[PDB]
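> Fold the following for me, if possible:
(8 chains)
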Amino acid sequence: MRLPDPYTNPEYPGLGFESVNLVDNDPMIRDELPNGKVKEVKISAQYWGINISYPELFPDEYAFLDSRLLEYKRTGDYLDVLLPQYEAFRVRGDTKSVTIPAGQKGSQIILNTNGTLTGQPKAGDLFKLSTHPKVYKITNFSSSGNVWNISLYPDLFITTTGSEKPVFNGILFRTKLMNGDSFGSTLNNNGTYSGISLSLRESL
Amino acid sequence: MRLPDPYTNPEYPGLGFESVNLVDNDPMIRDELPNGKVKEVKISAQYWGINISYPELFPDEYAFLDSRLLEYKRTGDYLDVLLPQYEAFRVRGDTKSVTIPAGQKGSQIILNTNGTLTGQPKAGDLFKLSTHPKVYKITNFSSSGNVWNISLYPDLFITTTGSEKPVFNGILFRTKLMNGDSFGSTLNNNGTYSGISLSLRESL
Amino acid sequence: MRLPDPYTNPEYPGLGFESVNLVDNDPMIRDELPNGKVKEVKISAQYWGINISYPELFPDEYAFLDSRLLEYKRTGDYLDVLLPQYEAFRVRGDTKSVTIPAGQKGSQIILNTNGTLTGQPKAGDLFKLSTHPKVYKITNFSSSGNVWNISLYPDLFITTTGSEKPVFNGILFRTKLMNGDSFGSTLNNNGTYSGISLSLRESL
Amino acid sequence: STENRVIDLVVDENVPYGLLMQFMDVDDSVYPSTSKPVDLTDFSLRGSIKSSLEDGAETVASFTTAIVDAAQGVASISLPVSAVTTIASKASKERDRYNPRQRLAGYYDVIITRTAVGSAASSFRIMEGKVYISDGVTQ
Amino acid sequence: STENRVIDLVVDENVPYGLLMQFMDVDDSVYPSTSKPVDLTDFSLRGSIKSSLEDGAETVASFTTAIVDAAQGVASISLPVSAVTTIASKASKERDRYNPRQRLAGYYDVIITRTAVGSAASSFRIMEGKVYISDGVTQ
Amino acid sequence: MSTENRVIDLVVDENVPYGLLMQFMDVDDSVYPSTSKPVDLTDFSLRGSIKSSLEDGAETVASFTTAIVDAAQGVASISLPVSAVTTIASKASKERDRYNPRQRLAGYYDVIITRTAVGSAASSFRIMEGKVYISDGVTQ
Amino acid sequence: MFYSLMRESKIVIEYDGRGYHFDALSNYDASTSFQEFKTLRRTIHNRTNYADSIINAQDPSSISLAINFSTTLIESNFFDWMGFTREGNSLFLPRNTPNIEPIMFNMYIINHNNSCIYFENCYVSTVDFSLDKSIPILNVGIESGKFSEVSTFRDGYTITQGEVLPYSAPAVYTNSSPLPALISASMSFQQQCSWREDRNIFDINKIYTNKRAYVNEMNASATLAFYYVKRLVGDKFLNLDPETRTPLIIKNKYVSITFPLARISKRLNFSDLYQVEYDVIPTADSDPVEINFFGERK
Amino acid sequence: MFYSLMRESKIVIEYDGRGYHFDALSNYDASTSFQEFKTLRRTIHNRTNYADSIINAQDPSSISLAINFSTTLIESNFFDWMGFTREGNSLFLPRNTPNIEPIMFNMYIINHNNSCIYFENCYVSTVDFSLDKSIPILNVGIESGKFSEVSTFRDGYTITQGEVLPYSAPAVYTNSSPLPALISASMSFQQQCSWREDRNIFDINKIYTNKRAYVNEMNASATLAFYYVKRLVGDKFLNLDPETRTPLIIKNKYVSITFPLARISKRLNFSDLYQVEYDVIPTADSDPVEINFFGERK
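Numbering: from 1, shown residues only, chains lettered A, B, ... in the order given. Shown next is the structure:
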């Protein structure tokens, strides 16, 4: 399920994201030895945290947004969040004729584009596999012919089976709405709803 | 009993919500798995919470208000409130001749108007069964002629027994006060009671 | 002993109550079951809390007020506090020919006025018995002939013996000054005393 | 508040006139002012329409007093259509500035009276002002 | 009457005129929008149009009154197309420089009346103002 | 709003057949906002005309050839052919609008709808009025 | 080339698909501007001197018109558009604001050679006129969200203001008792709306224009200036005491603003000739404030 | 009816039960007003348009008088009432403020036909006069707590100001050495009191008037304007250096303000002709500031 944004629903301009906050949550156990050497240990997973802020909402905008959020809380679905700043179209073509060799469980994807894709991905972009909902950021990219060497920040959450297909454009965050236990919005005497905030967390 | 408001007592326009906060309170056993998956189990019952803020109240209006509140505290019954933003009379007609077939549990509900009601209840509006005092919130609507399919955010607390009648207008929340233990009112030199507010909470 | 107010002492206009705070203190044990039903338990008594604020005080006004407060703390008496907003004279006549049937221990006074009292008390007014110092607020009043049905917020602190006489006008709060353990007032270089506050509690 | 006895009456040509006075007694001691109506016992109202205030002025017409619903305080002052015609006959030909239909017809005042309710003739004027005839077109 | 409630009627040339009223008394002290349609049974309104606002004026037209819905409160004031043509013929020709469609025809009033057995004359004026003709070309 | 509501201006373009599309609709606002239904335009005939001046003796420069495209749904159309547009352009004032030089005054117009039917409700209303302007052209 | 003269202009307000050309316009003032985000990124590496400024929004325009009273009373539509309810030729101030958002309309400022400036999403926010010993004129103030330059436009050939109404001396009454020694009666009406800025991250690299607004409050007010006149010693009618509720009407031959119940505050100035100044607002429970518009012959 | 002309007025100050009619009054200015509590209770139920305004207090009045110097020296009572101690015809600035509250007095502004405005609980808060090449005049500023309209009054038939003193050129000295090139000597004295608002819940439904006040500080100040004049190269007497303590006196034929020890700060303006400006205040341990009032022949 997609969170309402002024792409799908421009008739409600108040539903735009006044300010997004992409939080990097990678819990680690960091210990500082007296000999000046700082040591880290990583066990848990990394999850992208998204915080959405909203302006004053008119009754119709709030009605639409609240209906969507209640539909989410009813069906227990997953809110999809689209960040416009990450929607630069660089890689274009078909992602079905590209092959990813299997057995890749590290933090690096080696894929043979088979000359079917034009353009090259840029570092810091958003990358995602077609069979897993986790979202990756490209930290480095080296192309030697048709084989690409894409480096990802989160260690690969799945081991490639050879059937996965890279996804570069149209990437959505399969988030789950936090702070929904006590979710409310105050209605002022002037008819507009205020104090609406969405603390979302990537529940892959 | 009924909480006084300009609809019941028009002679006191000082009564009436300066701002109402309709919060959603669904307790949940949320657990953040190490693999990134978020698992939440719903066990405790959900309850709407109403935070009412009053404007400058003159001495007679506050006398009426606190007289009613102290009668509430004395006889110990429940305190009904009528949110006015949800009082858009979008469904005309008399709902006695509307039958809800028995044996229905969950969010979905099916009711047959038998060609009596005029008006379509859009998403975001309130809904309440005749017998049970719980107040739901319509999230999606779909009708095939006379039969109406309504999806409610909180699951039906009680399974329909075939006699419950829909209540699309004049919905009252059966609430309980949460500020009773220490409830003070300040009188200014201007002659008005300032900062009167209520933290209500739906019971059952 | 009466707290100095600009009724008895108008020559000291700084002794007026800049803002009063009638606090409803009724401690209760409130427990919220997971099934959405909120349950309360009441054991302790309800006591009216009065908070008085003062403006800058000239030396003579402060001298008078401090002499009265020190007299209170010396004799260990009970400060009487008069609220002007509760001094509307509705019931007039003799309260000695009115009879209150005995054995009334609930939260309701049934009295036969014997036609000796003119007017009728209004809901939200202040009511008090002649043999007990506790102050009651009328939450409801129904008159059927000469017998009156007065409903009070605090449950009757005494069981009527048949000799009590209702008191409607001239009602004072038999308060005891709290925060007297550390009571002080700073004298500024301009000669006026500032920072004087009386936190009073109804010590029946 | 203060005094507002001066109100001008605009009576219509060719139409009978009737005014309905809801007598009332408001008191502002309590913040919601008391709506107690006065009780109309031993009360009579008298009113004449006389052109100009000078002594010896001719009596253009005379109001006809009606006392109804004494319990709730209301009362009626009226005059027949013949009285309206007699008023309109003697009205001046100069028309009012704000309305080119009204013409000054005279002055008036109604006087309440208590006749020995306590062995006192407590008669005082209620209201006053100017009477304006509004020229009709129907007849 | 209602001196502050003067409204100028506008009648289109070559078109039958129609205007409908609604007598519907209100009492909003109990609750806002408490309005009950007044019964118009045995009521008969009537009116006229005259060239000038004075005695001796020449009558221009008389409205063909009716009571569309008795006990529902919907009265109607109207006149047929031939009367509108007569008004257009009788109307003045001092056309405005910036409203060249509207010409003044005369002044109008209408009176409602009660003709109930067990009652008396209850004539009352409810409309007042001027009648403006709007020019037409399509005939 | 005595007459301000039912008045709009038409600018027929020279050398082009002018056709205006009208859609009648019964909008209910006093009872409740956002409620509108079409007017059943069966038996609701239309007729209009154009004249140079508002005097008693005026020239009928043209006349709209009104037609009801849809009996229901309240859709009607008032239009005039190319010959009528040419006649209007020829029989128009030579004084040009300063803010838009292509436009010149042609005359005045009215539109009356006559709902003649079997029921005794043969009412007539003037639904449109204003001034007619001609916009000059060169493509010929 | 083509210069643009204010005297050679025509202001047409587009509402409901009809053009209201407001002739008899004494003077109008307007301006257009853009909002910038100019930051200077001075760093320890490079203490730069060149700012990073991008134009991302259109500052809302504030257009003020001064319109003479006219015989066709088109100017009452400004009260109609500002929120007043209409019955006949009289405008009521409603007890409660009808809708959350104001009545939006577009406005054109036409000029020669197909030149135009197109103000959109406008609303009437202020209307005030002074009944005085000079010819009355109501200054309206509208706020726009988006301004633009267009080639073709809407020109109100038919809907136009007629001849200006002749001057007539103002007079203020209490019921029907005149108030003596009037100087200047100034009336003020407002619709204090507020723009709801919804500039979001989807509008980056684009110019944002305000589109929606909500009404904070409506009000009717009047300031009356008199000469301090007393007819008796210890007079009760004319004094400096406040009047909680009193029926007032500021009447003219062509307009009459009525306060069914008014709250009057008085202010005395010990000037060359003593002047008292009233501050008239309707009370809490007062009936709707009336504004009648009489063209001719009432 | 009766209009009220400022020129046809008489200002009488009532102190100690005696009327001080202050003639030789060049001009006075005063105003009266009320304080309101206007709140708008817009609710989700009813978004109302009518405010809840109640008049509950009288705004303190600010009366300013401009009084010419006179031969009977009644105007020195303003220094006397403002707090200065008196010995003979000279007024001292006390080292410490004597009392917490100022000296309160009532004032009348009489007019024809028994018309009057009664200011009560007044105190003199400012007195400043400029010794210059024009006739000296001291503008006093008093603040009132309660204003009222009264029928009969107090009129100072006997206690009145005499003839205005003839002009005499000012001169400022240091001990007995004259300071050259004087332009304008302006003296300022103040009693910066403050109203103690004690509006309480017992005053609800009543009009409140300020009654009591306390003195925050008293001070004597003077600003002296000279032309930048130097007699020597590297002069020591006339320069721009500050002077921590120096005896100063601003002397006239009829008045002499004495600073036994003064703190002078200088300020140079590079105008058409260079001007230096002094800022004279008494020092910490300086003796009381003198103000002598010589009627005639010193």
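> Okay, helices next: where are they in chain A?
A:59-75 (DSSP state H).
> can you list the residues of it near chain H?
Within chain A, the positions near chain H by CB under 8 Å from any CB of the partner chain are A:187, A:189, A:190, A:191. The C-beta positions use only the backbone N, C-alpha and C, and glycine is treated the same way.
> Nearest to residue H:203 among the residues you listed?
Minimum distance to residue H:203 across the residues of chain A next to chain H is 29.5 Å, recorded for residue A:189 (CB to CB).
> so what strands line up beside the longest strand that chain G contains?
Longest strand in chain G, counting residues (DSSP state E): strand G:115-131. Partner strands for strand G:115-131, per DSSP bridges, with pairing direction: strand G:105-111 (antiparallel), strand G:137-143 (antiparallel), strand G:146-149 (antiparallel), strand G:182-195 (antiparallel).
> got a markdown table for the residues of chain A next to chain H, with distance to residue C:52 too?
Listed next are the residues of chain A next to chain H as a markdown table, based on distance: CB to CB, whole Å:
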| residue | distance to residue C:52 |
| --- | --- |
| A:187 | 36 |
| A:189 | 32 |
| A:190 | 36 |
| A:191 | 39 |
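> Report the beta-bridge partner residues of the residue nearest the centre of chain A.
Nearest to the geometric centre of chain A sits residue A:173, at 3.3 Å (CA atoms, centre = their mean). Note on residue A:173: beta-bridge partners by DSSP bridges are residue A:81.
> ok, now the one 10 residues further on?
With DSSP bridges as the criterion, the beta-bridge partners of residue A:183 are residue B:24.
> if I read this right, it contacts residue B:21, doesn't it?
No: between residue A:183 and residue B:21 there is no contact under CB atoms under 8 Å: 11.0 Å.
> can you tell me which of the residues of chain A next to chain H are in strands?
Per DSSP E, the residues of chain A next to chain H map to strands at residue A:187.
> Between which two of the residues of chain A next to chain H is the distance greatest?
Between all members of the residues of chain A next to chain H, the farthest pair (by CB to CB) comes out as A:187 and A:190, at 9.2 Å.
> Same list (the strands paired with strand G:115-131) but as a markdown table, adding mean neighbour count.
Shown next, in a markdown table, are the strands paired with strand G:115-131 (neighbours: other CB atoms under 10 Å in any protein chain shown):
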| stretch | mean neighbour count |
| --- | --- |
| strand G:105-111 | 21 |
| strand G:137-143 | 20 |
| strand G:146-149 | 16 |
| strand G:182-195 | 18 |
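> and residue G:226, how many neighbours does it have?
Other residues lying near residue G:226 total 21 when counted by other CB atoms under 10 Å in any protein chain shown.
> and it, bridged to which residues?
Legend: beta-bridge partners of residue G:226 under DSSP bridges are residue G:182, residue G:276.
> what sits against it?
Contact analysis of residue G:226 by CB atoms under 8 Å, 6 or more residues apart in numbering or on different chains lists G:179, G:180, G:181, G:182, G:183, G:275, G:276, G:277, G:278.
> Can you tell me which of these comes closest to residue C:141?
For those, the nearest to residue C:141 is residue G:278 (43.9 Å; CB to CB).
> out of everything not next to it in sequence, what's closest to the closest one?
The shortest distance from residue G:278 to any non-neighbouring residue, by CB to CB, 6 or more residues apart in numbering or on different chains, is to residue G:224 (3.8 Å).
> Report how many residues lie close to residue D:32.
Using other CB under 10 Å, residue D:32 has 11 other residues around it.
> what's the neighbour count on the residue nearest to it when sequence neighbours are not counted?
Computed as CB to CB, 6+ apart, the closest residue to residue D:32 that is not its neighbour in sequence is residue B:60, at 6.0 Å. As a burial measure, residue B:60 scores 18 neighbours (other CB under 10 Å).
> Would you check how far apart residue B:60 and chain E are?
Separation of residue B:60 from chain E (CB to the nearest CB, to the nearest Å): 17 Å.
> wait, isn't that residue in contact with residue C:123?
No: at 10.8 Å, residue B:60 and residue C:123 do not qualify as touching, with contact defined as CB under 8 Å.
> one step back: tell me which element the residue nearest to residue G:278 is part of?
Assigning secondary structure by DSSP states H and E places residue G:224 in strand G:213-227.
> Pull the CA coordinates from that strand and hand them back as CSV.
Output of strand G:213-227 as CSV, limited to C-alpha atoms (Å, rounded to 0.1, in the frame of the first residue of the first chain):
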residue,chain,number,x,y,z
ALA,G,213,-6.3,29.6,2.8
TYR,G,214,-8.6,29.6,5.8
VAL,G,215,-10.7,32.2,7.6
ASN,G,216,-9.4,33.1,11.0
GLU,G,217,-12.3,35.5,11.7
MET,G,218,-14.7,38.0,10.3
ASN,G,219,-15.7,41.2,12.0
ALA,G,220,-17.5,44.5,11.5
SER,G,221,-16.2,47.7,13.2
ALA,G,222,-16.7,51.4,13.2
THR,G,223,-14.9,54.4,14.7
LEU,G,224,-17.1,57.5,15.2
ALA,G,225,-15.6,60.9,15.9
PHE,G,226,-17.8,63.6,17.6
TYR,G,227,-17.3,66.9,19.3
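> what's the spacing between that strand and its chain's center?
Relative to its parent chain, strand G:213-227 has a centroid offset of 10 Å by CA atoms, centre = their mean, to the nearest Å.
> Name all residues that make contact with the nearest residue to residue D:58 once chain neighbours are set aside.
Take residue D:58 and drop its neighbours on the chain: the residue closest to it by CB to CB, 6+ apart is residue D:51, 6.3 Å away. For residue D:51, the contact set (CB under 8 Å, 6+ apart) comprises D:57, D:58, D:60, D:90, D:105, D:106, D:107.
> Against residue D:93, how distant is residue D:51?
From residue D:51 across to residue D:93, the span is 13 Å (CB to CB, to the nearest Å).
> got it, and residue A:111?
Counting by CB to CB - residue A:111 and residue D:93 are separated by 105 Å.
> Looking at those two now, which is surrounded by more residues?
Taking other CB under 10 Å, residue A:111 and residue D:93 do not tie; residue A:111 has more neighbours (21 against 7).
> Not counting sequence-adjacent ones, nearest residue to that one?
Spatial nearest neighbour of residue A:111, chain neighbours left out: residue A:100 (4.8 Å); criterion: CB to CB, 6+ apart.
> pretty sure the one you found is touching residue A:158, no?
No: the pair residue A:100 and residue A:158 does not pass the contact test of CB under 8 Å, sitting 11.1 Å apart.
> For these two, indicate the residue with more neighbours.
residue A:100 (19 against 13).
> got the contact list for the more buried one?
Contact analysis of residue A:100 by CB under 8 Å, 6+ apart lists A:109, A:110, A:111, A:160, A:162, A:164, A:165, A:166.
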